[PDB]
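Written below as structure tokens is the structure these notes are about.
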Amino acid sequence: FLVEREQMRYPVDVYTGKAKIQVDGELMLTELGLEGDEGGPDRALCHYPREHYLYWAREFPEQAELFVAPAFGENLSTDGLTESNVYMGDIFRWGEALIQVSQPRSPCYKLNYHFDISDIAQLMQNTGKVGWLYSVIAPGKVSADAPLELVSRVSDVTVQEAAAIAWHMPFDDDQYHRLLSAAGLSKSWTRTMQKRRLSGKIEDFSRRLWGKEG
Numbered sequence: 145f146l147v148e149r150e151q152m153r154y155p156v157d158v159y160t161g162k163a164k165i166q167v168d169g170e171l172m173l174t175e176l177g178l179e180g181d182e183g184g185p186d187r188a189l190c191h192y193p194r195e196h197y198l199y200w201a202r203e204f205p206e207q208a209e210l211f212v213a214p215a216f217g218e219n220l221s222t223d224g225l226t227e228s229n230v231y232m233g234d235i236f237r238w239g240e241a242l243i244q245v246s247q248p249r250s251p252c253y254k255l256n257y258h259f260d261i262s263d264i265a266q267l268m269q270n271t272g273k274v275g276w277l278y279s280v281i282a283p284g285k286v287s288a289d290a291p292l293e294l295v296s297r298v299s300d301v302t303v304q305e306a307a308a309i310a311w312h313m314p315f316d317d318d319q320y321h322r323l324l325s326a327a328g329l330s331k332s333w334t335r336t337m338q339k340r341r342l343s344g345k346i347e348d349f350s351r352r353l354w355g356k357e358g
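To convert, count from 1 in the sequence shown and add 144; that's the working numbering.
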């Protein structure tokens with residue numbers, strides 16, 4: 145863990161909903177999320193990498209204009225952070241608040257309704273370009289002018305592997321045991337990996353990904 149000492153700092157665009165509109169000054173980050181916005185604690189903030197938009201536009205040239213932040217619902221938009229360099233448990237200082245990565249975002253069939261593309265959820269899930277959520281470790285003033293500083297790297301499980309373990313690999317107790325060991329793991333994901341260990345099976349994903357057609 146030398147990255148803690150590198151003082152990594154990433155500028156971020158901020159958005160809140162009434163849906164999501166860009167915020168420009170300073171607002172309060174409370175335990176439940178951004179003031180004026182809307183496993184509550186574990187999902188108070190959403191993140192989606194801007195890089196991913198190039199991939200969707202190149203994939204769906206015809207509806208390229210739908211693919212711009214914050215089309216995926218995210219609160220935070222950055223360059224330079226993705227599923228392969230963000231780790232489960234990472235704690236970041238933002239202005240005066242402390243936030244911790246708690247799980248990858250799970251793609252939902254509602255996404256398909258929103259882009260009017262019938263298999264975007266399945267595609268998000270298959271590519272692993274899903275973003276992630278934070279739980280707020282300490283509330284406080286934050287701002288669109290204040291960058292995200294990495295301050296603690298406490299696990300060796302990346303968002304990418306956490307997503308592969310949940311959705312890309314065949315049943316494996318060891319991996320489920322490894323995922324349960326990552327600090328900051330949200331309650332619902334703890335519940336889901338624990339249930340697979342006990343049941344001996346992988347819970348269905350059709351309803352989440354396809355709605356009534358699942």
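For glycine and all other residues, C-beta sits at the position ideal for the given N, C-alpha and C.
Its chain contains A188, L189, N219, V280 as the residues whose beta carbon lies nearer than 8 Å to that of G177, once the 5 sequence neighbours on both sides are disregarded; these appear in chain order. Put simply, the backbone Cα of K164 is about 18 Å away from that of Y278. For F236, the enclosing beta strand (DSSP E) has its first and last residue at 235–238. Shown here, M172 sits in a strand according to DSSP, grouped into three states. With fewer than 16 other Cβ atoms inside 10 Å of its own Cβ, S262 counts as exposed. Scanning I346, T160, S287, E195 for the CA closest to the CA of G275 turns up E195. With 16 or more other Cβ atoms inside 10 Å of its own Cβ, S330 counts as buried. In this structure, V167 keeps its C-beta atom at 7 Å or more from the C-beta atom of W238. Less than 7 Å separates the beta-carbon of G272 from that of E227. Taking 3 residues as the minimum length, the region 190–218 contains no beta strand (DSSP E) run wholly inside it. Residue environment for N270: exposed (fewer than 16 other C-beta atoms within 10 angstroms of its C-beta). Going by DSSP, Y320 is part of no beta strand (DSSP E) but of the alpha helix (DSSP H) stretching over 317–325. Checking the DSSP bridge columns, you'll see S221 partnered with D157.
Residue environment analysis places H191 among the buried positions, since at least 16 neighbouring C-beta atoms fall within 10 angstroms of its C-beta.
For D317, the closest C-alpha among the options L342, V298, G180 is that of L342.
When the Cα atoms are used, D157 and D289 turn out to be separated by approximately 8 Å. DSSP places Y231 in no beta strand (DSSP E); its state is neither H nor E. Here the alpha carbons of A326 and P248 stand approximately 13 Å from one another.
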